[PDB]
Each structure stands twice: as structure tokens, then as C-alpha cells.
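See below for the structure under consideration.
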Amino acid sequence: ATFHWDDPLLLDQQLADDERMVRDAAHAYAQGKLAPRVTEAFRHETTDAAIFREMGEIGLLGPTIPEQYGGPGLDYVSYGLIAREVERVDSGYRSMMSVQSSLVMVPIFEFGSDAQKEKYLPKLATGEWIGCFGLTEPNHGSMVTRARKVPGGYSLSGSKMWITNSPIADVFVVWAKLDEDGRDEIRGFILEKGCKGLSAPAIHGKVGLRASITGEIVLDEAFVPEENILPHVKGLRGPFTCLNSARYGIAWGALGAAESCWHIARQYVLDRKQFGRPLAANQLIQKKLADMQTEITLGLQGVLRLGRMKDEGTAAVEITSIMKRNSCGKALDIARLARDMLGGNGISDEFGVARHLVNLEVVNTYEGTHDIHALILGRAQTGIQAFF
Amino acid sequence: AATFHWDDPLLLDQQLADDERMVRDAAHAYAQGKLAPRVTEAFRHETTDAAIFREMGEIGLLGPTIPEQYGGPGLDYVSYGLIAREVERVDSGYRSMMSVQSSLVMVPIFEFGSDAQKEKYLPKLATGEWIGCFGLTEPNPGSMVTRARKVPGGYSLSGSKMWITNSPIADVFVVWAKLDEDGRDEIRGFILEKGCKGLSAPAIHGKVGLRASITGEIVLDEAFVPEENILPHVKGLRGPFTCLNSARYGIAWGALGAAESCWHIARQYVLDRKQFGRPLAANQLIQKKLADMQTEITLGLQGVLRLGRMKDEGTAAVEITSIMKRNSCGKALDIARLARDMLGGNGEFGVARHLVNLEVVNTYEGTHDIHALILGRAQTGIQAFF
Amino acid sequence: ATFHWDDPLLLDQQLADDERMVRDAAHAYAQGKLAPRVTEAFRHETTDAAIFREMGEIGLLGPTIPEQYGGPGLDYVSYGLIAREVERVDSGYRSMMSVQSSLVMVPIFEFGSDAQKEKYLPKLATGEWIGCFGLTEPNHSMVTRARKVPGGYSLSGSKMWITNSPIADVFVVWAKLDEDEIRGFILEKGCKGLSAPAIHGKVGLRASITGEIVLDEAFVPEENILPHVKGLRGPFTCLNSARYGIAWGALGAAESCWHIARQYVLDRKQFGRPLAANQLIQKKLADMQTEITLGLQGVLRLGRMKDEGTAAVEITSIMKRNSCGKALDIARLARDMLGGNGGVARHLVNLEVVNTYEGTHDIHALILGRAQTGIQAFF
Amino acid sequence: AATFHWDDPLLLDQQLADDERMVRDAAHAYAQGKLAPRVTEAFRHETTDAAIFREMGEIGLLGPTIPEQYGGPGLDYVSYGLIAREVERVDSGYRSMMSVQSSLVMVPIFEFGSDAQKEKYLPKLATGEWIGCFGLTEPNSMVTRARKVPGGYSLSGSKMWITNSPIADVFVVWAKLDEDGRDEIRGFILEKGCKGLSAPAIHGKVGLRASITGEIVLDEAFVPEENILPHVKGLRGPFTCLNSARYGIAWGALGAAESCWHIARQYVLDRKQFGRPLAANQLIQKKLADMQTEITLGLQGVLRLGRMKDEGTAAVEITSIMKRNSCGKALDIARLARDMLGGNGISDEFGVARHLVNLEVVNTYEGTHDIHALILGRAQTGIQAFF
Ligand SMILES: [Mg+2]
Ligand SMILES: [Mg+2]
Ligand SMILES: [Mg+2]
Ligand SMILES: [Mg+2]
């Protein structure tokens, strides 16, 4: 049999025909439309908002959302393959899609009323409306953002920390405390961009994820009508369902960025010489290439198996911790190995590696989680918590 | 709704066919019931009970991939893997004995032997009535000095092989030697039988690891081999390499069994032992280590399962074995070291045995990361061995 | 301007002439008298008590103890050099000396009465009496207890994993005394109620004998309590001294592993050239050389600071953690470079114990973390 | 009675002479007073204030080892090291500017120059009145070539990634010269009046953004006879300069590592998780212990090497040990620190991200490959593994 160095376990042959078609559609879009934009977008710290309508047209937004609500009605393995192809170009583009799909469409679909689903989901699916998600606050290190009941609805006050998409978003899913019969309960609210008490100031000066627009959400007596509270969830289950979905996409995405770094490093050491032979002739270099290949190959079997289990309903949430932690950690290690194999300083095409690297350094710590995921798995094995 | 299985997070159990589960359970029953009670004393005093071969043969654990026509159980590669894992879960020495019988003796006779050789040797090897060994390694493949000379009616062999598992109890010896034919010096395989004049197999005592398996030399001083005992259908490196590729697949599964044992022992130990009035398991540094053990085993097992499936389908290139052997052996040794460093006594210390075993397994073939270089050459087209 | 691969920073030039001779004396002894013993001693788990008298006659026991009490009146740098030369042969032998010098002679010298010092120290210094240190118990605050009786104290309890105990003549035992504080007691073998059964079948440190101390109403006369210490300061002073010797010793074992690996890869061939021609092997050799070289600068400096009185106890945590950790890493790298199944294996199993001897948790990391942050993370 | 100094456990301070402590304090006062306020903007916008050379020169930080006879401060290798560490504590870009001036320009003119050249160039380089650069590396043996002409030499070729070149007054360029039957590497001093010399800046760097870098393009650049270095030929010339520079980088990288450690430590004391400081976590304390350990041991290594260089007992291989160790451990520390901060570039603590990309370049300036490991391997085994 013939060896495929770039796909040793023939992942391509473990996919169904429809899945290969989705992967190929996502690849064609990412390489055709995102790859040409990324170098300038990252340099200037901007993003073309047109990307949402482009992705929506191809059916890449809300991959698991049924066709009834304008989604493409795909499964978790297809979601993963899409994330991998987008992040192969840039993690910032993957982040924008993660927010739209897992953090906005998912909670409206899972927890919203029929009216909310019919209004918001078709617009989010086409990318006509851009979404963002407001959860984390400075004091979380539970939450300060508060919905006060007023005639006709709720009045929200508080602020959420750097939210991807917020300065260009049309739709905001915000989690806030609501007094219910004397007790505070976490509830989700849908806000629209024109809300008087809502501001979404942009944040610039980022080191990583510069191709994605990021901002805050600031609420000062932001009125939300009664019909825009998510009726079918309360407590942490709401935001946690979203985060779980998003972390699955990140686990696949990180492997795409790792693959890009590996391919760049391999091509570089083939092209560059030292002492009259390619750098690839050195055992030390070959050892690094072997490690990159091994970890990506194993990582991919992991996320594929997880996707298959999620589609069957046999996947417990702890497995997401295994795979998110493994993909993000090993991807960062690979980007570092690749970076250390390059000479020069940022002018050449190979220094797309430096971009992947700073992106992965943010992604790995965007919640601050390689260590937290370890402790989730520790507790699951031992029945003893070591968080605090 | 879904339950988490900490000991099998990706539900490997559910990825197996019913008949594969049955093979695994039979191997587990045998290893736990018959090898586990022996291992502690066998390792301590460096004794091997040759009866083990007959026990394994009776239940069809020797030469798992060898067809029923020749006395084998006619299983596939995934089954071979599952068996190796269950045996090595007890001890790598026992797995090594099996590996040698199956991949280093039965495989080359099956692949490269004449009809007569297959009919004679394989059924007795399959039952364990005859015990086999594999003579490639010499004291300090292409570098070998063991030599065959053509004589009337056969060959005369002279030379020495070192660190040969099973040799002091072997009935059948597969020996690789150089034969100069047409001025061209090439490797050929020869089948020798115990009692051959000029063949001796003195034992090596005082091993650090793999003490549950008996190992020795093969010393050949003008050992006569009749013409009908040369393997007719192979010349050169393909011969020994085919055997080693088969054995490496089993070791990739086996090492993960030893790793699982170390993980499970470490986990139980840190639940039981206390420091500062809390179980050791309450320490973040300990939980991080347990997370890493779980992760590497879980992913390693997906790798070897997929490789086994590809081998059974005929879609696996030889380079894939390098990925998995390198990963399984390296990660297993890392896990055994992490487990060892979590223990605080001085001889639970099943871990110490697994650790010294894995140190030998990782070093058995080479001192140099040769699998990395196989993979680097496969990616770049450039050779970095010499 | 010549490079010395085996001593790149010329440690030999940073030592004074007396320190160089202490080192050379310990080396001559270790290589002449311990090296021929070690292979069989480790394999069969036998101890020869005469080793203590050999060491004592040379002046290697209690290096920091003054001449007035039988010591050679040396300093911490000298102690370190000795430990390093002994452990270059075997950690088990170093462990025997660590106990004698730091765990037995030190507390009697620092905390004992004049009578205790005059009686015990000269005999410990010559190795004619063998000491052991009873701190560790099965209960991970201690339960060994002294009760005041007419004429002295009655001691009851149990200590575990005590190096030298089955062959010891002198026992420094720490126990709680109700006034409730930890006190130190000197007992002798032959004291009614004291036993010291051996522990057999060890994985590492097999060249050293280890056991328990069992006390069942053992009478200790008033003149055998250490009068000048109470509380944790007693045992902690001893442990701090021992940890310094171990930091040096571990570097000796590491050096042996490095030198064995280097010679091996020069001797063995692959594809018609030494294994040493491979880049992967050279990187490993470079890493071994680097870590040992920097490790030795660290312990040397700490030794000079201890001798000047400028070293805080936390510095010992840095060096102990570093030396033991890096030594084990080097032993493992060296082990993985060898081919066969036969001294690196011994050093490796020894260093695995030495690393875990105090505990499984990275207590020294936590000591340093607390010292940087002001926040406790032990429990 | 001994107190523990967590930030200096082995009391490096007490291992220095009084004059060495004064040099260190002077460098620290300058770097903290004049470089720290510039660095954030300088790195963000990729700008370099050339006034820095004059500031450093007037307090005597340029060419530390150069004798007083030639305008240098007449200090020793330990002092050079201490200065580098104080500058790089602020930024590697600033240390790189100084490394070039001191080790790559003043050192070759001092070691290999005529008395006329030493008298002309060194006093001006020492004050920062003239800024130097060093042209060895080519865009890719050496292709830049000098041809004998009446009155001197005509140089053609190109050098790439040359720190200081777009602001330089003095250019030390290594070129092949075919002369009297042998083709040899020679060193040439070029200046601003040279019509065939240009030095366009390179912008868009990932790391070392606070230091200006350019090319040296030579198109029949005339260099008079009096401007060739007379007392060196072959690789000895540039290698002497690099060996000197590497010593300063070994000290410098420890300064950058110290900054990353101090930032991380302060962050984990200030930031909370589950109601307690991040510093309360065992996982975090382990990382802090590792940072402290490697910096402490690293500093003992570079101090000893400095003492040996000053005594004349240091072989060049020792520089490989320390360069490799300082750069490698510093980069590991910056990555540990980065991974502890998380977030994205906005806060003052993301000075760590700046040190990190700087150290990634400093390690890459060495090569694609662990060449210092192979220098050390050959020195232990007598076997070459470079080819
Ligand atoms: Mg393909
Ligand atoms: Mg507004
Ligand atoms: Mg089960
Ligand atoms: Mg100017």
C-alpha cells in the first residue's frame, strides 16, 4: 500500500461522501476567499464583515442547525471539518464562525421560543445578521450583569469582556442575573444592535487574533422586551451548552492551524540549505517533522472519534476536555517547533507561522484553560476536586 | 445523558466487533488467571515456565494471524493487537515470548518457507509443543558477520547471535546469515533444530528488565543445515524486516497495556496515600499527571486500532508502523516514569517492574531514534541515517 | 585557553588546594574500596559495616565537626566534594554517610550537652559507632511519645524507613513530650525496649541497609535528651544539612552516567561509524554537559554562602530540587542511549528513590513558590 | 540570621566588585529612566530613536572592553555582561543595537585594524557620534567581492538583516578579495560619502522591532586602501566578533527572562480565580520555581564565563554552552510566562509578548538548527556531525 505522509491513517477514507463534500467546499472557500485577505487583515487589525454573507451563502454557518431554520442540517463531524479548513487559514476567521454557530445560533435553537427561532436563526444562517455572545466579566475571577424587571420587559446593566464580533454584531446573546422570587437566576437575553442602552466598543492593539474584530458589550439600562428572554433555560446549563459546542470546533480548528505550520516547516527545510544540503538532511530536523506528523495524526483520530460519538449521543462532556486540551496544547507545541525551524524575521511567506503561533497562544489561553481542563479530567478520575 | 468512562473515554469497547471482544476477554482471562499469579516470583528469580507456551497454544494465542490450515487460530491484526495488550498488561516478558513465537518465527516460515517447512513447523509452533527463536542480532542486519557456506547437501553456518529471547528453551531456530552467491553477499534465513551439532544456546542471566523471559545466545560452530532448511522465497533485508514489522505492531499494542497498568496502579495509590492530611490525588500536580496518562493512552489506542483496521484492509504502508511503534513505546515509558515518580516507597511496585521492562523494550532494537528517521525520510525524500 | 570538556568552567581552579585534596582523597577511597564492592552489594543487598570505619579513618565522617570532637574540622564545600565522590560510585554509600554526618553528628553537635558531644561525637567520627535518625512515621504530626518518669523518660512509638537502623549503635529519635513539643533523644543499641528490624527486598539503594525503629516503653535517662532544641527546628536543621550533601551527591551520579554514555557511544558502531557521529546523540551529550556544569556552579556557590553564613534555608530547596531532578533526567537519557540489558541501571534506580525519598509531591517547588508569593499551596 | 532574596537567591550582588556594581547601577538607571519610557511605542510602531547611541556613549556604555586610550570606558567582560543584562531587561532590540556597536564594530577595528583606523573610528563609536553596523550575512560561500583598483578596492554585493544599517555612519563589511593568488575573506570599513553604498530599511519585522534593520547594497562601492583591515583574513575575522557578541547575548537573554518572570509573578498575585490569587495554585507555583531556578543557575554560568574571559582561561566552546543555555532557557521562560497570562496583548503585562517574539528572533539569529549542541558534541567526541 502507498504511504500518505500528509494523512498517514487516511482520514480521507474514514469520512462519508457528504462529509468529504463539506470539507472540500470549506477548503475551496477558505483558500479562495480568506487566504487572499489574511495577511493584510492581520497586519491592519481589521476584518471584512462581508465574510459572514459569503460563509452563509455556502452553508458554513450554524452547521448543526436544521434546514427548517435556514441551517444546512449537518452533523458534528461536518462542523469539525469546516472549523479545521477555516483555521488552516487563520484562527481569527474560525473564531468569528465559532461565535456565530456555537455561541449564538446554538442557544437560540436549544433554548429559544418558536418565535425567536423563526426570527433570528434564518438571518444568522445566511450571515445577513451577525451574532455575538456576552458571558464573561472582570469579576468572575457569580456575575455582576443584572436584568431588572420593568414594565414590558427587562432593563440590563453591566459589562462583558472582549467579545469577538461585538462591534459589527446585529444580534447579542447576553447572560445576566434576574431576581426570581427572591433568588438570582442566570438567564439569557437576546438584544439587537440599535438598543439604546447598548454599546459595543471595539478593542485594538491585540497580539493574536488580529484578523477578527473584537470588542466589549456595555449595558446601561438596556431595555429588552419580555419576548426576548430565552424561555427554556436557567442557570449555568445555558452558557455551558454553548461553550461545550464551541470547544469542540476549537479542537478541530487547532489541528488545521498545526497542519499549516507543519506543511510550511517541511517545505522550508526542503528549500533551504546549509553546508551544501537541504536542512531536511539533518537528523534533528527530521525528528521534529516526525513529532509534528505523529501528534497531528493522533489528534485527528481523537476529534473524529469524538464527533462520531457526539452524533450518536454517546459522548460525555469530559471527552471534550480531553480533546480541546490535547488539540490546543499540541498545536501550540507544533507552531513553536515550526517557528524555531525558521530563520529571517517576518517578511517571507513562511512567517505565516508567526501569525499561527500568536493566534494559538491566545486560543490556548482565551479562557485560561489548558490547566483547568486537566483538573476537570483529574476530578473525573479521582472524585476529588483540586480547583480550589 | 451520556456517562463518562474514565478508564475508556472513547469507548474502545464499542469500536470492537463481538468476536474481537471475545478474543480480548479470553486473553484477559488467561493473563490474569495464569500469568498474574506467576509474575512477581518469575521476575524476582528470573525463571520462565516453558509450560506457558503450551498453555497459550491451547487457547490459540500463538501465531494469531496464522491460518487454521497450519494450526493457527486464523485471527486478524486487531485480534493480535488485543491479545498483546492483555498479556503485556501483566508483563512485557510474557508478551516478548509470544511476540517471538508469532511474529519472529511463525511469520517468516509462513511467508517465506516451502510447503514442507510450513507443514512441519507451523502446527507444532501453533500448539507451543515446539518453542521458537529468532537469531538476527549479533554482538557489537547488513553489518552481520554470521555466515553460511554452501557444502554438498546443504550449508555450514558459523557465527554468534546475542540477546535471543527463548533461545535456551527453543526447539526451532530461525537464523539469518550471509551467503555469498555470485560474488554477492546476501542475507538468507535458515531453520535449525535443537540437537543440531555445532549449535548451542547458553542462557544470559542477570538481566535488568524482561526478567520473566529467558534469553540467551545462539553460537554456531560449523552447524550443518540440510538444503531443505533454507527459507527458499526470500533474500536480503526483506526477510528480517517483514518479521520485525509484524512484531513492532504487537509491541505497539502491548506497550499500551503496560502503560494502562501503570496508570491504574498510580491512580489507586494516590487515592490511598495521604500527605498533609489529604489524599495525594487532591494535589493539582498529581491530577495533571493523571490527565496526561489518560490522554496519551486514549489517543495511542485509537492509533493502533486504526492501524490494525488498515492492515486487515490492506491499506497500511509500513511507515505507519513506525508512527505507532515510536508513539506507543515512547509514551508508555513516559507514563511508567510519571507513575514511578508518583510512588514514594521502595519495592504498588509492580510499576517498577513495568518501568524496567519498558526501558528494555524501548531500547531492544536501537539506541537511536530510527523510527523518527524512517518518517523524516518518508516526508522529505532525504536519508539521514548515515 | 584549552577547553576541558569534562570540566568546562574549570571547577578544579575554583577550589582551594585543601579542597582539591579532600576531593582526591574521597575519590581514591571511593574508587579503590567502594567501586569493587558495589556490584555484588547491590545485587545481593548486603552491607559491610566496616565501610564506616574506613571512611572515619580517612576523616570523611562529620566533615564540618571540629577537631576537638574527632572531626576533620572542614567546611560545607568539603562536605559536598566528599558526597559527590562517594555517590559517583553509589547513592547507597552516600546515604550511609549522609545519615552519619548530617542526621546524627550535626544534631548532637548543635543541640547536645557537652557530655553528649564528648561521649558520642568522637566515636561517630571514627565510624566505630554507627548512627541513625528516627523521624519518619507511618502517620504522615508524629505519634512517637516520651513520658516523664523517675530519672528520665519512657519512649513509645515506631519509625519507618530508617537508613542504618539495623546496624546502628546510636539512635537520634524525635518524639513528642508533654510539658506538647517535639524533643530529641539519644538512645543506644542495648537499651531495653528498642528494636531495629531490617527492611529487605528494596528496589533502590540496595547497597545501604534500612529498617524500622520500634520503641516499647524504652527508658531514656535525663542526660540523654538533647537539651538545647525544641520543635521543628531540631529535625529541620538536620534535614537541611543532609539535603545539601544530596545536591552534590546527585551531581556525582549524573557525571558517572554522562561519562558512561559518552564512552559507550564512542565504542559502539552503527552503519560503519560510532553512534557518537549522530546529531541526536550529540544533542543529548550537550544537554548532559550543560546541566551538570551549571548544577555544580550552583552547589559550589551555595557551599561558599553556607561557609560565610549568608545562605538562607530556601536556597537549599533550589539546589536540592535542581540536582536531584536533573540527575534523574540525565540517568534516564543515559539509560535510553545504552544497548543491551546489564552501572547506569543501578544509578537510575537509586536516583528514582533519592528523588522520591522525602515525598511524592514537589515540596521544594512549593517552598520556593511560597517564598516568592507569600501564599501557601501545600494543602 | 541570613535573609532569603527571592529575586537574587545566590546574591550575585555580593559576587561583584564595587566598580562592577557601579557599572550595573549606571546601566540600570539609564535603561529604566530612558529606555523603559520609549519601548512600548518603539516596538508597536517599529521606530528607533538614534539619540539612544549618543545617550549610551556619554555615560560610557558603548564598547565596554575598549581601552581608555581609544575613548572606551576600559572595563572588563563581567561589566559588559552586566550592561547587556540591564539593557535587555527593557528590550532585546536595544541590547542588539549595543551588541552591534560594541562587539561587531568596535571589537574588529580594535583587534584587526591599523593604528590609524583605531584612532579615527573608535573614539567616535565610543561616544555614539558615529553609529556602526556589521555586514556578513547574505540573502543567499560568500558572494560579496572586493576588486583591486587604483587607490583601493571596488566592492559589489549585498548583505541582509543588518542591524543599524539605515542609520549607520561606519560599515564593517566582510568580502572576498582575490589578491596575490589567494581568494580570502577580508574586512573593509566603509563610510557615508560612498556613492555605491546604500542601506534601505526593512520594515514589517515580527521581533526586535525597537531596533532598525536594513540591507547593505554595494554597487562598485569604492573603499580606499587605508580602509581595509590589515591584520586578519579568513573566518577568524567575523568569528571573533560573533564570539564576543554571543557572550553579551548570553547575559542579555537572562535580563529578558528576569523581566518575564517578574511580570508573571506580579500577574499571578494580582489576578484571581475561584476567589483566590492565581499564585495560590500549585501548578502556578511550580512554574515560578522553575523560572527562578533556571535564571539563578544561568547567571552563575555567565558570571563564571566572564571571570574566565577576564583571566584568559576561557575557550570558545564555553561561549557555546552559555549562549545555548541562556537563549534556550530564556525562551522557555518567556513561553511559560506567556501561557500564564493568557488574554490578548492589551494589558501592560503583555510586555511578555514583546519579550517572547524578541527572544524567538534572538534564538533564530543563531540558525535553524542546534549548531551549538553540535559544537559541544564534537568537542566531547572528536567527531563532526554538521554534515
Ligand atoms: Mg491527500
Ligand atoms: Mg449603542
Ligand atoms: Mg467498564
Ligand atoms: Mg546619524
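In the C-alpha cells, each chain is lettered A, B, ... as it comes, each chain's residues begin at 1, and ligands are numbered from 1 in order of appearance.
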### Interface residues on chain D facing chain C, 6 Å, only C-alpha atoms, written as a VMD selection string
chain D and resid 2 to 4 6 280 282 285 to 286 289 297 313 to 315 373 376 to 377 380 383 385
### Task
Check which residues fall inside 6 Å of ligand 2 when counting only C-alpha atoms and all ligand atoms, and print them as a PyMOL selection string.
chain A and resi 194+196+198-199
Let me see the file: selected residues, N, CA, C and O atoms, as a short mmCIF file (atom, residue, chain, number, x, y, z; two decimals), in the first residue's frame.
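So the final result, stored in out.cif, reads:
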```cif
data_model
loop_
_atom_site.label_atom_id
_atom_site.label_comp_id
_atom_site.auth_asym_id
_atom_site.auth_seq_id
_atom_site.Cartn_x
_atom_site.Cartn_y
_atom_site.Cartn_z
N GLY A 194 -29.43 48.18 17.78
CA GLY A 194 -30.00 49.52 18.00
C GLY A 194 -30.48 49.83 19.41
O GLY A 194 -30.88 50.96 19.69
N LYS A 196 -30.97 51.20 22.83
CA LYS A 196 -30.44 52.49 23.31
C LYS A 196 -29.33 52.33 24.37
O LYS A 196 -28.27 52.96 24.28
N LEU A 198 -27.25 49.95 24.87
CA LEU A 198 -26.20 49.01 24.45
C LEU A 198 -25.09 49.73 23.70
O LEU A 198 -25.37 50.49 22.78
N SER A 199 -23.85 49.52 24.11
CA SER A 199 -22.69 49.95 23.33
C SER A 199 -21.71 48.80 23.21
O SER A 199 -21.55 47.99 24.13
#
```
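Residues within 10 Å of residue 156 in chain D, counting only C-alpha atoms and excluding same-chain residues fewer than 2 positions away, are residues 143, 144, 145, 146, 147, 153, 154, 158, 175, 196, 197, 217, 218, 219, 220, 221 and 222 of chain D.
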Restricting the output to N, CA, C and O atoms, write the selected residues as a CSV table (one decimal), in the first residue's frame.
```csv
chain,number,residue,atom,x,y,z
D,143,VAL,N,29.5,35.8,-1.5
D,143,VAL,CA,29.5,36.3,-2.9
D,143,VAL,C,29.9,37.7,-3.0
D,143,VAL,O,30.4,38.1,-4.1
D,144,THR,N,29.8,38.5,-1.9
D,144,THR,CA,30.2,39.9,-1.9
D,144,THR,C,31.7,39.9,-2.1
D,144,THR,O,32.5,39.2,-1.5
D,145,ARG,N,32.2,40.8,-3.1
D,145,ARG,CA,33.5,40.7,-3.6
D,145,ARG,C,34.2,42.0,-3.7
D,145,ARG,O,33.5,43.0,-4.3
D,146,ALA,N,35.4,42.1,-3.3
D,146,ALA,CA,36.2,43.3,-3.5
D,146,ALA,C,37.2,43.1,-4.7
D,146,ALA,O,37.8,42.0,-4.8
D,147,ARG,N,37.3,44.1,-5.5
D,147,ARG,CA,38.2,44.0,-6.6
D,147,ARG,C,39.3,45.1,-6.4
D,147,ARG,O,38.9,46.3,-6.1
D,153,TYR,N,39.9,49.6,-3.4
D,153,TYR,CA,39.1,48.4,-3.7
D,153,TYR,C,37.7,48.8,-4.2
D,153,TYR,O,37.2,49.9,-3.7
D,154,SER,N,37.1,48.0,-5.1
D,154,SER,CA,35.7,48.3,-5.5
D,154,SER,C,34.9,47.1,-5.1
D,154,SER,O,35.2,45.9,-5.5
D,158,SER,N,25.7,42.2,-1.7
D,158,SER,CA,24.6,42.6,-0.8
D,158,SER,C,24.6,41.9,0.5
D,158,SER,O,25.0,40.7,0.5
D,175,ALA,N,34.1,40.8,2.8
D,175,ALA,CA,34.0,40.5,1.4
D,175,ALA,C,35.2,39.6,1.0
D,175,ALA,O,36.3,39.7,1.6
D,196,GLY,N,28.5,54.2,-4.1
D,196,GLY,CA,28.0,52.9,-4.4
D,196,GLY,C,27.4,52.1,-3.2
D,196,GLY,O,27.0,50.9,-3.3
D,197,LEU,N,27.2,52.8,-2.1
D,197,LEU,CA,26.7,52.2,-0.9
D,197,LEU,C,25.3,52.7,-0.6
D,197,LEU,O,25.0,53.9,-0.6
D,217,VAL,N,23.6,47.4,0.3
D,217,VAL,CA,23.8,47.1,-1.1
D,217,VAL,C,25.0,47.8,-1.6
D,217,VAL,O,25.1,49.0,-1.5
D,218,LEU,N,25.9,47.0,-2.2
D,218,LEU,CA,27.2,47.6,-2.7
D,218,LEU,C,27.2,47.4,-4.3
D,218,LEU,O,27.1,46.3,-4.8
D,219,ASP,N,27.3,48.6,-5.0
D,219,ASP,CA,27.4,48.6,-6.4
D,219,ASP,C,28.6,49.4,-6.8
D,219,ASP,O,28.6,50.6,-6.9
D,220,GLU,N,29.7,48.6,-7.0
D,220,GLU,CA,31.0,49.3,-7.2
D,220,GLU,C,31.3,50.4,-6.2
D,220,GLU,O,31.6,51.5,-6.6
D,221,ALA,N,31.2,50.0,-4.9
D,221,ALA,CA,31.4,50.9,-3.9
D,221,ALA,C,32.9,51.0,-3.6
D,221,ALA,O,33.6,50.1,-3.3
D,222,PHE,N,33.5,52.2,-3.8
D,222,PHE,CA,34.9,52.4,-3.6
D,222,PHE,C,35.3,52.5,-2.2
D,222,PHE,O,34.7,53.3,-1.4
```
### Selection: 10 Å around residue 339 in chain D, only C-alpha atoms, excl. self and same-chain fewer than 6 positions, as a VMD selection string
(chain A and resid 361 to 362 364 to 365 368 to 370) or (chain D and resid 264 333 352 to 353)
Write out, as a PDB file, in the first residue's frame, the residues just selected, with C-alpha atoms.
```
ATOM      1  CA  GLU A 361      -1.114  31.493  22.155  1.00  0.00           C
ATOM      2  CA  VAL A 362      -4.387  33.420  22.554  1.00  0.00           C
ATOM      3  CA  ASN A 364      -4.814  28.243  24.237  1.00  0.00           C
ATOM      4  CA  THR A 365      -5.410  30.801  27.000  1.00  0.00           C
ATOM      5  CA  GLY A 368      -7.015  30.245  30.605  1.00  0.00           C
ATOM      6  CA  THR A 369      -7.847  26.619  30.344  1.00  0.00           C
ATOM      7  CA  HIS A 370      -5.089  24.022  29.497  1.00  0.00           C
TER       8      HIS A 370
ATOM      9  CA  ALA D 264       4.336  36.709  35.556  1.00  0.00           C
ATOM     10  CA  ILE D 333      10.660  31.131  30.465  1.00  0.00           C
ATOM     11  CA  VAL D 352       5.738  39.432  27.971  1.00  0.00           C
ATOM     12  CA  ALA D 353       4.513  39.020  24.365  1.00  0.00           C
TER      13      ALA D 353
END
```
### Selection as a ChimeraX atom specification: residues within 8 Å of ligand 1 by only C-alpha atoms and all ligand atoms
/A:4,6-7,12
### Message
Need the shell around residue 46 in chain C: protein/DNA/RNA residues with any atom at most 9 Å away, counting only C-alpha atoms. Skip same-chain ones fewer than 6 positions apart. Format as a ChimeraX atom specification?
### Response
/C:40,206-209
Shell around range 222-229 of chain B at 8 Å using only C-alpha atoms, local window under 5 positions removed, as a tab-separated table (two decimals) with N, CA, C and O atoms, in the first residue's frame:
```tsv
chain	number	residue	atom	x	y	z
B	117	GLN	N	8.22	-27.04	4.83
B	117	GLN	CA	8.55	-26.33	6.06
B	117	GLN	C	7.31	-25.87	6.81
B	117	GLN	O	7.24	-25.99	8.03
B	153	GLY	N	24.93	-31.02	-0.15
B	153	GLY	CA	23.73	-31.36	0.61
B	153	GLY	C	23.16	-30.26	1.49
B	153	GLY	O	22.13	-30.45	2.14
B	154	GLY	N	23.81	-29.11	1.55
B	154	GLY	CA	23.31	-28.06	2.43
B	154	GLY	C	24.27	-26.92	2.66
B	154	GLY	O	24.91	-26.43	1.72
B	155	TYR	N	24.31	-26.46	3.91
B	155	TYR	CA	25.05	-25.28	4.28
B	155	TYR	C	25.76	-25.53	5.59
B	155	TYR	O	25.28	-26.29	6.43
B	156	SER	N	26.88	-24.86	5.79
B	156	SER	CA	27.55	-24.86	7.08
B	156	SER	C	27.51	-23.43	7.62
B	156	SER	O	27.95	-22.52	6.93
B	157	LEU	N	26.97	-23.25	8.82
B	157	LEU	CA	26.85	-21.91	9.43
B	157	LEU	C	27.84	-21.71	10.58
B	157	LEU	O	28.01	-22.60	11.43
B	158	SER	N	28.46	-20.54	10.62
B	158	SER	CA	29.33	-20.16	11.72
B	158	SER	C	29.06	-18.72	12.11
B	158	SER	O	28.90	-17.85	11.25
B	190	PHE	N	17.62	-19.45	7.68
B	190	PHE	CA	17.80	-20.87	7.88
B	190	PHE	C	17.01	-21.32	9.09
B	190	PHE	O	16.96	-20.61	10.09
B	191	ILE	N	16.39	-22.49	8.98
B	191	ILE	CA	15.70	-23.11	10.10
B	191	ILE	C	16.60	-24.19	10.69
B	191	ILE	O	16.95	-25.16	10.00
B	192	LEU	N	17.00	-24.02	11.94
B	192	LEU	CA	17.78	-25.05	12.64
B	192	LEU	C	16.95	-25.64	13.77
B	192	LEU	O	16.07	-24.98	14.30
B	196	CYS	N	21.04	-29.99	16.68
B	196	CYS	CA	21.97	-29.75	15.58
B	196	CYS	C	23.39	-29.65	16.15
B	196	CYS	O	23.63	-28.87	17.07
B	197	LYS	N	24.31	-30.46	15.63
B	197	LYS	CA	25.68	-30.42	16.11
B	197	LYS	C	26.30	-29.08	15.68
B	197	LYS	O	26.12	-28.65	14.54
B	198	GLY	N	27.00	-28.43	16.59
B	198	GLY	CA	27.58	-27.11	16.33
B	198	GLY	C	26.67	-25.96	16.74
B	198	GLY	O	27.08	-24.81	16.65
B	199	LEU	N	25.45	-26.26	17.19
B	199	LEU	CA	24.53	-25.24	17.71
B	199	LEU	C	24.44	-25.34	19.22
B	199	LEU	O	24.16	-26.41	19.75
```
### Query
Any idea which chain B residues end up within 8 Å of chain D if we count only C-alpha atoms, as a VMD selection string please?
chain B and resid 283 to 285
